[PDB]
Amino acid sequence: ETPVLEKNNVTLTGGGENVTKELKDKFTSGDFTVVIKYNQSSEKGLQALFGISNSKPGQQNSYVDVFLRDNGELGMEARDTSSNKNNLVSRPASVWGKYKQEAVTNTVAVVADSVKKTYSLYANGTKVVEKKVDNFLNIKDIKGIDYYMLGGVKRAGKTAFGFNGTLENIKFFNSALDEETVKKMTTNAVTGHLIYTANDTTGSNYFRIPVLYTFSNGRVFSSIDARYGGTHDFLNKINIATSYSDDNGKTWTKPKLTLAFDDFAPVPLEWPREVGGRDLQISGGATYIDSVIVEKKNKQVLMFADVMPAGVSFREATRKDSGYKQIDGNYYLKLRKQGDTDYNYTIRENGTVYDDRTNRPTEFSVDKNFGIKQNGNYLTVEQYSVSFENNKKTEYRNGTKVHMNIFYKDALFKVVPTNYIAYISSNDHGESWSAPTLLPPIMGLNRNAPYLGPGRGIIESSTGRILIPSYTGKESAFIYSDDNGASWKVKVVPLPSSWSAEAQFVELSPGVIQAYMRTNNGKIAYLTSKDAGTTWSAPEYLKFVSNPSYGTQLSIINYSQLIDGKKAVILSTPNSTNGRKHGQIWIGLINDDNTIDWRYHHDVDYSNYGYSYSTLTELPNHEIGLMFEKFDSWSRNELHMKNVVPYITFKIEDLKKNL
Ligand SMILES: CC(=O)N[C@H]1[C@H]([C@H](O)[C@H](O)CO)O[C@@](O)(C(=O)O)C[C@@H]1O
């Protein structure tokens, strides 16, 4: 199939270009595909890449366009005045604006298919949306089309939605092209910045909570939440996926599921984005959520994550029970057998399940990956799938048999419905991993575990103390080990208010560490310890970030090279009171007195573009890796979007801006 019109290198500054002669009545069937490779000179205002309209007086609601907003939303309109049919199809956060001070080339497309009555939009290799509409209009359905233009829409003799930039290449076809052809046509350099993609080797359509870490051997490692039933924190099914690079982040391994349950199949699901329907959740698979990575002195790598039993959400988890008993001074994970009210059982030595009323072993045991055996044989349960087809959610037993697990809703023995922390270890830098270990009840028997602060942990240089950041909702919990991670303890620091205090650490000088964290007051807080984390200062606040009350996670890392003759820290966060937007990377130089001079910053894209959770690492060549949620992950308008967690690289000279 060849285009009815192809144009190259059309630079426009809001005035558009008439192409009526070269497109008039060429859309025989009425269907269309338009593929546009462009870059914007300015993101301001509502801008049309092209417009097909009735330009006559009174016919201002008779047009088709593809549009861009200042927040990266890609959409299309198809409207007819006399039928009063107004179709708008879009998805937030579909395009990129600028990157390292330069306009980004995107390639987008629209397909209108009369037989299916669907409009489809594509950006940078991804089908960002396909929607069937009852009031479907093709070009022939709109009355009195007489004007076709690039970079605007002709409404009552005036150019509306003027485009500012260059249409590097634009192709108009008079048919609906197939999905695979259009994905291929829109694939470009931007496509290559995704490490995790929808329905890759994770099986997940969605992702959140990226983490980057550079190991001692030069390997750059990533982990992420693979979130299967939309991007909901809860209820959902979530696994932790991983992917790594041995060439300074240029190429990455196909992602693997590293922490995953199998009560639910890890399947690609088309989660609804409509008002109302977008609130839909599955009934909940067992879940791993919010990963934290650290490399030990001995090069062993640890990964932590929160563990959620099936159907248990952070909102519903009981705060008054750890899920453990103490018996003869040992902490044993406790179990309730189906049909009991009390928790009468414990997992003791060798995974043997004991009846605590009699202090005798039962027929039952639990292996290192939480699977239940009876007399040495695995009990099983049937896996669940989720499906739509293509309007109504169904959960059903799918014919696959998996091991019965103490975290599953169909288990004969179940854990307390609360949150836990698990960790795993690797001796080959993330190629293979141990079985999980649940953290003992460090908060006490009658409190739930803390919640991890996603990102990294650190090794404090003077003592060797390992620090893992977490929070409870009213306190900071700094989890630590003084024996190279053989045993874990905690410092609980009460906070001014009920902050979701996701934190990250930096070391200023030997023994002096600061914990930077999310608050509920709009500011980033930092607490200071001068005894390697044993005691902490009252909070102080950065003076240059102002965010909404809900706040967002941040990333801060130490940097190994001097900047302006000084030891440096590097911080990533959104900075906007309007939402999770206006991503910034800040360089802080450490003063002789261990205060920080926040001297430089660089804006990641335009200020109304989305920016939520993020993660920084120093690459082995001293460049900076960044992976981030390129959307607003709090907004109810930006839920359940595919392919929006990119990875980018900066030289320090790219970052040394604004002073
Ligand atoms: C993509 C989009 O939102 N288009 C809408 C526009 C713009 O909001 C404003 O023109 C601001 O540029 O406003 C309309 O009232 C209009 O012009 O008929 C409805 C239309 O659907």
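Note: hydrogens, waters and symmetry copies are ignored here, and every other heavy atom, side chains too, is used. For reference, positions follow the sequence shown, starting with 1. One-based numbering, in listed order, for ligands and for the atoms of each.
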### Query
Do you see a donor-acceptor pair shorter than 3.5 Å between the side chains of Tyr550 and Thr552?
no
### Query
Does one side chain, of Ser29 or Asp31, offer a donor that lies under 3.5 Å from an acceptor on the other?
no
### Task
Compute the centroid of each ring, for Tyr228 and then for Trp271, and state whether the two points are separated by less than 6.0 Å.
no
### Query
Would a line drawn from the ring center of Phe50 to the ring center of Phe163 be shorter than 6.0 Å?
no
Which ligand 1 atoms, with their elements, are less than 4.0 angstrom from a heavy-atom of [X]?
X      : value
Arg155 : 16 (C), 17 (O), 18 (O)
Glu77  : 1 (C), 2 (C), 4 (N), 20 (C), 21 (O)
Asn61  : 18 (O)
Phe67  : 1 (C)

Does [atom] have a protein heavy-atom neighbour under 4.0 Å away?
atom                    : value
atom 2 (C) of ligand 1  : yes
atom 13 (O) of ligand 1 : no
atom 17 (O) of ligand 1 : yes

Looking at [atom], what's its closest protein heavy atom, distance included?
atom                    : result
atom 19 (C) of ligand 1 : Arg79 NH1, 3.7 Å
atom 10 (O) of ligand 1 : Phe161 CE2, 3.5 Å
atom 8 (O) of ligand 1  : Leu46 CD2, 4.5 Å

### Message
Heavy atoms only, cut-off 4.0 Å: how does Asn86 contact ligand 1, side chain, backbone, both, or neither?
### Response
neither
### Task
With heavy atoms only and a cut-off of under 4.0 Å, state how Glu73 meets ligand 1: side chain, backbone, both or neither.
neither
### Name of the residue among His232, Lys393, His640 meeting side-chain contact (heavy atoms from CB on, under 4.5 Å) with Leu280
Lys393
### Message
Name the residue from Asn643, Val645, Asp605 that meets the side-chain contact (heavy atoms from CB on, under 4.5 Å) definition with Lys630.
### Response
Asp605
### Message
Check for me whether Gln60 has a heavy atom closer than 4.0 Å to any atom of ligand 1.
### Response
no
### Query
Short question: side chain of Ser62, backbone of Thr81 - any donor-acceptor pair under 3.5 Å?
yes
### Message
Among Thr107, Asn9, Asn39, exactly one meets side-chain hydrogen bond (donor to acceptor under 3.5 Å, both in side chains) together with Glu168. Which residue is that?
### Response
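Among the candidates, only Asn39 passes.
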### Query
What do you reckon, does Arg69 have a nitrogen or oxygen under 3.5 Å from a nitrogen or oxygen of ligand 1?
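Such a contact does occur with ligand 1.
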### Task
Report the relative orientation of the aromatic rings in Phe161 and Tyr63; use parallel for angles under 30°, tilted for 30 to 60°, perpendicular for over 60°.
tilted
